[PDB]
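Inspection log for the structure reproduced underneath, given as structure tokens.
Residue numbers (this note's numbering), protein chains in the order written: chain A, 2 to 389; chain B, 2 to 389; chain C, 2 to 389; chain D, 2 to 389.
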């Protein structure tokens with residue numbers, strides 16, 4: 002009947018999401034700032050499993066090591082009092098004007114070195130707070146113009162940065178992995194490693210590829226008009242889905258960061274189906290923004306909404322896969338045959354198989370309908386709770 | 002002054018481009034069919050270096066082995082008479098209704114086997130005609146609905162197909178490589194391996210990755226709103242640019258297949274800059290369609306146009322890179338620093354470097370302008386021939 | 002419980018939708034042709050209220066007046082036997098190669114005259130069959146290049162065409178209205194009057210604007226990334242929604258023509274909400290294509306699907322508006338205040354109103370939250386049938 | 002040879018463009034604020050004809066009437082010292098949190114009244130400074146969710162607002178016209194009157210339509226994937242192009258506000274061709290942002306760039322239209338026939354014209370090629386300065 006989250010649902014939220022003040026490129030903040038401790042408490046009450054942070058969300062940029070220890074201890078006490086976990090952390094390499102041309106791939110070499118020292122410092126902090134995943138979103142790595150960035154040199158510099166972080170973590174004996182987060186654009190004209198695919202290909206060029214995976218985001222792939230569930234399947238196929246960011250997006254436009262379930266609802270349905278079917282066991286992280294039209298009550302309603310919509314879709318997709326009429330339709334559409342090897346008999350047997358070519362009745366094959374529309378209307382009926 | 006192509010320019014054209022009859026989803030053919038021999042002759046006269054083909058462009062589907070030999074011999078004679086080469090060939094796995102749910106990843110296993118036998122047969126033909134690159138465009142590999150295709154099983158089947166083709170080629174001792182051609186959509190709702198990135202990541206999972214690269218297409222990446230020169234740089238960085246398809250596209254919409262230079266002209270400029278700077282030496286292949294508004298004279302004007310616009314951009318980009326004021330602006334924007342290692346001194350030296358963090362003047366760094374707009378206006382002036 | 006359509010639901014289908022053979026730009030037909038009589042019969046059995054046609058769907062292009070009368074009489078008998086109506090008809094001005102540069106705005110003046118005579122002929126036929134709406138979709142009116150079409154002269158020619166059709170209809174005393182159907186692109190690079198807005202503005206320039214409205218299509222506005230329910234509201238506001246075409250589209254790409262409810266499901270929900278709330282009483286027309294993966298059984302399943310998804314959304318939107326908790330949330334979000342005049346007191350009273358400016362507490366106003374997220378989660382819960 | 006602007010070129014700039022501090026949704030300001038007086042002086046030195054402003058650019062929000070008079074007098078002195086004009090002004094109804102749900106169409110009625118009083122106040126100021134055009138950009142008029150805004154009530158409120166402003170201006174005897182500026186999205190999920198078309202249709206519903214036109218922006222129509230030159234032609238056709246905003250945009254994504262000429266260079270070429278050919282005589286206004294990567298030197302280089310690229314395109318388009326080979330190609334493509342009435346002979350003569358139908362040789366018509374590709378390559382050659 003109802004859809005109450007529990008910390009066993011592994012729902013997590015960034016400090017920066019519910020704490021977004023409402024500043025957009027055309028307007029002033031509409032909400033006062035939130036204390037991180039307050040967020041941890043409110044989220045805990047909503048059923049969340051944990052929070053995530055950028056270094057600058059937790060410790061104001063240019064804090065003395067004294068202020069730093071103080072900010073951390075307060076945070077830690079909030080975690081102890083609530084049972085909230087910190088499964089992921091990340092570095093802000095995009096807000097300060099020093100990162101206007103990027104962090105790891107800034108043309109200025111001294112900014113690149115600074116970016117790495119800022120990162121390493123927060124990796125230590127994240128390990129201490131017990132994070133298992135360290136996310137890297139190269140929001141400023143890119144260009145507005147063709148001549149401003151030689152992309153092969155920038156990829157050299159990016160690989161250099163990630164290889165050095167991999168060296169550091171292995172030298173420290175830390176138990177933490179990296180997840181690269183792609184985005185095609187905004188705030189840069191074009192961002193490097195713009196999609197899950199580009200990030201997966203890149204990783205295979207690092208010195209220790211086993212240390213790195215992807216942190217795809219719903220809205221980000223959709224800003225390229227791509228099919229998010231398909232891209233997630235490729236990441237799963239590659240064994241690289243280390244984390245995931247959930248939100249909603251209405252097509253190709255600025256990054257809207259709507260609550261999860263908003264935006265493309267059928268894509269959310271197929272995403273949940275796949276995560277649950279594949280046994281993804283990492284956090285279900287929400288990287289979203291309550292619209293600036295909202296007051297704090299609207300903020301917590303929006304965050305509750307994220308979790309509620311995941312649990313409703315989870316139920317509907319489970320119902321869909323458990324439905325015997327659906328299982329018969331999957332066989333009718335030959336999903337079972339898709340899962341069988343094309344040619345386990347091997348190359349030579351295939352070459353000698355006259356039924357595969359010389360004697361293949363192509364006209365009869367062509368006439369078989371795939372029965373996909375009936376299957377899809379079953380999926381729709383299950384999504385809408387109209388099964389009868 | 003003028004811009005005449007020579008076969009040394011390695012400009013190539015698919016039989017299907019100038020031979021497109023003008024059939025689109027809303028309308029009948031506006032042009033009669035072209036004989037392949039006629040195309041080879043006309044293109045040779047225009048300065049082209051070679052042609053490419055799908056098996057079905059050259060031998061009508063369901064031709065007897067007798068008709069087949071006949072079609073090939075005619076073709077071959079045309080090549081001998083003109084000096085035209087065949088550097089690339091590919092398989093049509095998308096036109097016949099038997100491929101309505103795909104070739105290599107069709108749900109029906111017997112269609113998948115047939116698709117592989119059709120492919121292998123044309124690989125032999127391509128080696129004979131001396132092609133060095135075999136292209137695979139999985140135009141029908143994908144779905145219109147979420148339940149119709151389990152994407153992890155489909156990627157298993159795709160890897161299976163490509164691994165078997167790799168086995169075949171190595172067993173035959175052939176000197177030919179594969180290039181996968183991505184496209185995000187059309188004619189399927191969503192196509193598997195939708196961008197260069199996804200194709201690069203995929204290849205790294207094949208049994209013999211060294212046999213496979215990418216054949217990116219301008220219009221295709223732009224249908225995802227992606228930056229084509231950036232994606233090409235990543236392919237070059239990976240050492241995987243085996244071939245390239247040139248055309249024009251006006252943004253995110255149906256695949257327009259405009260002549261090269263049409264569409265996004267600045268992107269074409271930066272693409273040519275990169276190909277010539279990186280020393281890409283493969284064919285410059287045009288995969289485009291003369292608009293159906295045109296008669297055959299318009300067809301050859303459109304094909305001449307492709308080559309002419311490449312040679313004009315080539316000249317302008319060479320002029321841009323040779324310009325001492327541009328070389329000074331690149332230094333002003335610190336492109337030289339981008340090419341230098343961030344930390345050749347290594348991790349420990351970086352960790353002990355107080356100028357990289359403790360003593361880094363972040364406020365002075367932040368105040369340095371990147372001077373990118375002046376550089377870009379220099380690039381614009383060079384493109385428009387307005388340098389003074 | 003279930004969702005059975007009746008002819009009172011005014012669901013209509015074009016002959017060309019269920020009769021689409023599956024030819025797309027990359028592939029051959031996958032289905033044999035359907036006899037119009039068979040379609041009328043099958044659709045009648047599915048609960049449809051009527052059918053629509055292009056002149057060329059019903060009478061093969063270049064039919065003798067004898068064949069013509071024969072085709073019509075057969076059709077008519079099918080309508081009599083089933084009770085099916087013909088509420089709308091339209092002209093095919095896009096398939097024949099003579100229309101490759103358009104019909105009403107072709108550069109060649111003799112093609113423009115021919116286009117008008119072909120149109121007028123079918124208007125007579127449509128009046129005879131009792132249609133009340135005549136649709137004009139200028140699918141070929143546009144350009145692939147900047148110089149090919151002077152758009153001001155083309156708009157002159159378009160207005161000329163529509164004014165002449167308006168003269169004809171009034172001179173014949175016919176009781177029929179025109180609906181212009183916009184589309185931003187495909188099959189032309191850019192099509193004239195690309196959105197509902199452009200078509201509405203245009204109409205206001207015709208000699209008898211009262212004779213013309215719009216026939217917006219879901220997928221078409223979404224190919225421009227526009228909000229279809231918003232555009233429909235503007236048409237309703239203007240009193241110009243004469244007809245509507247329903248289907249599904251997954252974002253900005255080629256025109257997918259998916260069954261209604263597929264594509265952007267939340268947009269379909271808000272569209273149905275608005276049509277039913279505004280009391281739109283015209284046909285609910287489906288302009289869609291069963292995917293070419295399907296056989297004829299899949300064809301009729303896809304058409305049934307269109308009607309079923311409308312009736313499910315209709316129920317959910319009615320439930321949403323009837324819900325007292327929703328009506329309280331609408332008041333909380335001040336939808337009631339939106340409907341009240343800003344200044345029924347008039348200009349001078351507003352100018353003398355110190356509470357509107359001098360004494361307006363802007364800081365308190367700014368702090369009121371809009372409560373939109375709670376309202377939207379109520380809408381989501383109602384859509385998913387999760388209200389508790 | 003070179004391309005120096007003069008105030009006779011009527012190039013204008015908003016205070017907010019060169020004065021943009023570099024704050025984007027992901028980052029802090031990278032540049033200090035500019036004094037309006039300094040901007041007027043620097044722009045005057047660059048050859049600009051005038052500046053424009055939002056009320057809040059010139060007088061800080063919540064300034065005492067004393068501070069106000071002071072800010073204005075300083076501004077005025079700068080204008081007197083430089084000869085700079087103020088042809089357009091506008092209201093900021095989007096930055097202050099009180100406008101988070103819009104100005105003219107905010108759900109809260111007291112915000113709507115406040116929005117109108119803020120507007121009226123600046124209209125007086127603009128008339129005083131001698132502006133001839135008052136621009137309205139409803140940046141916050143829209144919604145992120147379906148239920149938050151009844152679009153028919155919002156259009157009622159929008160018409161109410163504009164009718165009241167029209168009453169005010171006529172009652173004051175002011176010589177000023179309004180230009181509505183459409184944008185499809187950002188910062189709202191969807192914005193009302195999202196394209197030029199929707200704004201043109203809307204105006205026709207106002208009480209005094211003659212007082213209102215459009216202020217289209219390059220990047221805005223391109224964010225909908227629309228053809229900007231086509232939309233501008235429709236506005237010209239309607240006699241409603243009162244002002245225009247020039248900038249550059251790379252496709253469908255966030256509003257990039259690149260300098261003019263950047264983005265889609267061929268579209269800029271065809272836009273300049275049309276403005277100059279149609280005799281548009283209003284300001285050429287640049288609404289753009291120097292990238293935040295830039296220091297103040299980059300700011301002025303970027304602004305110089307806008308004007309330079311217009312003057313280069315102006316020259317190339319003039320050269321194109323003056324070229325006798327182009328004029329012959331226009332005749333070959335029958336642009337001359339497009340400009341002739343389809344049927345000046347009238348309806349009855351057309352109906353009795355057997356050459357228009359009964360005896361029209363459709364097959365010969367269909368075979369005529371349009372010769373559009375040759376024409377377009379001539380346009381390309383002229384744009385690139387490669388004519389020989």
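We put the CB at the ideal spot given by N, CA and C, even for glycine.
The beta strand (DSSP E) enclosing residue 214 of chain A, as first and last residue numbers: Its beta strand (DSSP E) spans residues 213-215.
Do residue 382 of chain D and residue 390 of chain A have their beta-carbon atoms positioned less than 8 Å apart in this structure? Since the first residue shown for chain A is 2 and the last is 389, residue 390 of chain A is missing from the structure and cannot be characterised.
May I have the straight-line CA-CA distance separating residue 59 of chain A from residue 33 of chain D, to the nearest angstrom? It is roughly 27 Å from the alpha-carbon of residue 59 of chain A to the alpha-carbon of residue 33 of chain D.
Please state whether the Cβ-Cβ distance between residue 92 of chain D and residue 55 of chain D is less than 8 Å. Taking 8 Å as the Cβ cut-off, residue 92 of chain D and residue 55 of chain D qualify as a contacting pair.
Segment limits, alpha helix (DSSP H) that includes residue 153 of chain A: For residue 153 of chain A, the enclosing alpha helix (DSSP H) covers residues 152-172.
Run through chain C and tell me which residues come within less than 8 Å of residue 257 of chain B, C-beta to C-beta. Neighbours of residue 257 of chain B on chain C, chain order: 145 and 190.
Excluding the five sequence neighbours on either side, which residues of its own chain have a C-beta within less than 6 Å of the C-beta of residue 11 of chain B, listed in chain order? The beta carbon of residue 11 of chain B lies closer than 6 Å to those of 50, 284 and 285 in the same chain, with the five residues before and after it left out.
Would you say residue 95 of chain D faces chain A, with C-beta separation under 8 Å as the test? At a cut-off of 8 Å between beta carbons, residue 95 of chain D contacts chain A.
Pair every Cβ in the region 80-94 of chain C with every Cβ in the region 134-142 of chain C, then say whether three or more of these pairs are closer than 8 Å. Three or more beta-carbon pairs separated by less than 8 Å link the region 80-94 of chain C to the region 134-142 of chain C, which places the two stretches in contact.
Among B/203, B/264 and B/99, the one whose alpha carbon lies nearest that of residue 240 of chain A: Nearest neighbour of residue 240 of chain A by Cα position, chosen from B/203, B/264 and B/99, turns out to be B/203.
Going by DSSP, which residues form a beta bridge with residue 86 of chain C? Its beta-bridge partners are C/51.
Hey, residue 207 of chain C and residue 139 of chain C: beta-carbon distance below 8 Å or not? Not closer than 8 Å, so no.
Pair within 8 Å by beta-carbon distance, residue 21 of chain A and residue 315 of chain A: 8 Å or more divides the Cβ of residue 21 of chain A from the Cβ of residue 315 of chain A.
Can you say whether residue 65 of chain D is buried or exposed, counting buried as having 16 or more other CB atoms within 10 angstroms of its CB? Classification for residue 65 of chain D: exposed.
Does DSSP put residue 256 of chain B in a helix, a strand or coil? Residue state, collapsed to three classes: coil.
Taking residue 368 of chain A as the reference, which of C/36, C/151 and C/23 has the closest Cα? Nearest C-alpha to residue 368 of chain A: C/23.
Within 8 Å, strictly: CB atoms of residue 266 of chain B and residue 259 of chain D: Residue 266 of chain B is not a Cβ neighbour of residue 259 of chain D, given a cutoff of 8 Å.
Check: residue 301 of chain B C-beta below 7 Å from any heavy atom of the ligand MN: This structure lacks the ligand MN; in fact it carries no ligand of any kind.
Under 8 Å Cβ to Cβ from residue 99 of chain B, same chain only, skipping five residues before and after it: list those, please. Closer than 8 Å at Cβ, skipping near neighbours: 112 and 115.
If you check the beta carbons only, do residue 344 of chain D and residue 351 of chain D fall under 8 Å apart? Less than 8 Å separates the beta-carbon of residue 344 of chain D from that of residue 351 of chain D.
Taking only beta-carbon positions, decide if residue 388 of chain B is within less than 8 Å of chain D. Residue contact with chain D for residue 388 of chain B: absent (no Cβ-Cβ distance below 8 Å to any residue of chain D).
Give me the subset of the region 271-299 of chain B whose CB atoms are less than 7 Å from a CB atom of chain C, sorted by chain position. Of all residues in the region 271-299 of chain B, 292, 293 and 294 have a Cβ within less than 7 Å of some Cβ in chain C.
Which residue marks the beginning of the beta strand (DSSP E) containing residue 62 of chain D, and which one marks its end? Per DSSP, residue 62 of chain D belongs to no beta strand (DSSP E) and is neither H nor E.
Mind checking if residue 253 of chain A is an interface residue toward chain B, Cβ cutoff 8 Å exclusive? Judged by the 8 Å Cβ criterion, residue 253 of chain A is in contact with chain B.
Whole-angstrom C-beta distance between residue 273 of chain D and residue 311 of chain D, which should lie under 8 Å: By a beta-carbon distance limit of 8 Å, residue 311 of chain D contacts residue 273 of chain D. Their separation comes to about 6 Å.
Determine, using beta carbons only, whether residue 154 of chain B comes closer than 8 Å to chain C. Residue 154 of chain B does not count as touching chain C.
Relative to the C-alpha of residue 192 of chain C, which residue among D/226, D/162 and D/163 is closest? Out of D/226, D/162 and D/163, the CA that lies nearest to the CA of residue 192 of chain C is found in D/226.
Going by beta carbon distance, what residues of the same chain come within less than 8 Å of residue 186 of chain B, once the five residues before and after it are set aside? 143, 192, 195 and 224, listed in sequence order.
Going by CA-CA distance only, name the one from A/42, A/85 and A/153 that's closest to residue 238 of chain B. Of A/42, A/85 and A/153, the residue nearest in Cα terms is A/153.
CA-to-CA distance, residue 261 of chain A to residue 269 of chain A, given in whole angstroms: Here the alpha carbon of residue 269 of chain A sits roughly 8 Å from the alpha carbon of residue 261 of chain A.
Inter-residue spacing [alpha-carbon to alpha-carbon] between residue 150 of chain B and residue 200 of chain C: Each residue's Cα considered, the two are about 39 Å apart.
Cα-Cα separation, residue 263 of chain D to residue 307 of chain D: Here the alpha carbon of residue 263 of chain D sits roughly 9 Å from the alpha carbon of residue 307 of chain D.
For residue 286 of chain D, report the span of its beta strand (DSSP E) as first-last. Residue 286 of chain D -> beta strand (DSSP E) spans 285-287.
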